[PDB]
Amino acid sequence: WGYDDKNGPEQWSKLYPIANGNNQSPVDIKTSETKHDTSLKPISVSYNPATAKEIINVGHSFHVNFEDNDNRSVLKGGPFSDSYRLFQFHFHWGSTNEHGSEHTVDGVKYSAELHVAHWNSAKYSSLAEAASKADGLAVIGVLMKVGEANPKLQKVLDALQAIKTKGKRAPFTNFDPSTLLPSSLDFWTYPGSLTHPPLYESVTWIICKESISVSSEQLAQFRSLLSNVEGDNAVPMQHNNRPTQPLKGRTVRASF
């Protein structure tokens, strides 16, 4: 599976029939069709920078993984009774600045999207068990609008030179990803899925109303990462964004 013509999001249903399910992500948030929900608490993030572990080139993208053995790094509040434990963050981006986000707002595409992924450690023992469960994952999505260089991205961008090719990894320590989140934590939420295979309908999405910035040059650094293993012909990671999927009667709630 991948993002190419031959293995891309249009082909995914062949290997993963859930691709055409009823709770697929991402979606276009229509602001006129959302519903202010009264019982949504604010989002509380409390991350410990010592839980940052490793940055990895996975060939379609790159992941920053966290230690998830205890509750040092948690997401609380919003639509949740339970505490969710941080395990990874990553980005999606497009061929050019014109597209790149997975979620769209009133049909407007942003240049990139930040995902912060968490698992339900109140109800399940591991990521392995939580990952396939209706209530198992919580991902925060932040839309990234092309403009001014984002200095909080610097430590991430500075690490990419050590994981240029597929399978390469390095230590990535002493990092609190709440520093990447926008000042306002006003959000939308809907029940949904992983935006790539295995596409489990296990995700409660938290989509920030406020965007963060990224430069054209910072997006060039993402696209300068390589999908091939060391010594093969260089294949740039041009894009890794899935097109928006039908709501199929689901309701997007707003905190605001």
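Start at 1 and count along the sequence shown; that's the residue number.
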| query | finding |
| --- | --- |
| Greater mean Cα temperature factor according to the PDB record, 229 to 237 or 21 to 29 | 229 to 237 |
| Entry-level comparison of average CA B-factors, 157 to 165 and 75 to 83, reporting the higher stretch | 75 to 83 |
| Residue selected from 53, 63, 35, 60 by maximal Cα B factor | 35 |
| CA B-factor ranking of residue 192, expressed as a third of its chain | lowest |
| For residue 94, the third of its chain into which the C-alpha B factor falls | middle |
| Residue 150 - Cα temperature factor, lowest/middle/highest third of chain | middle |
| Chain third (lowest, middle, highest) by recorded CA B-factor, residue given as residue 123 | highest |
| Chain thirds of CA B-factor: placement of residue 221 | lowest |
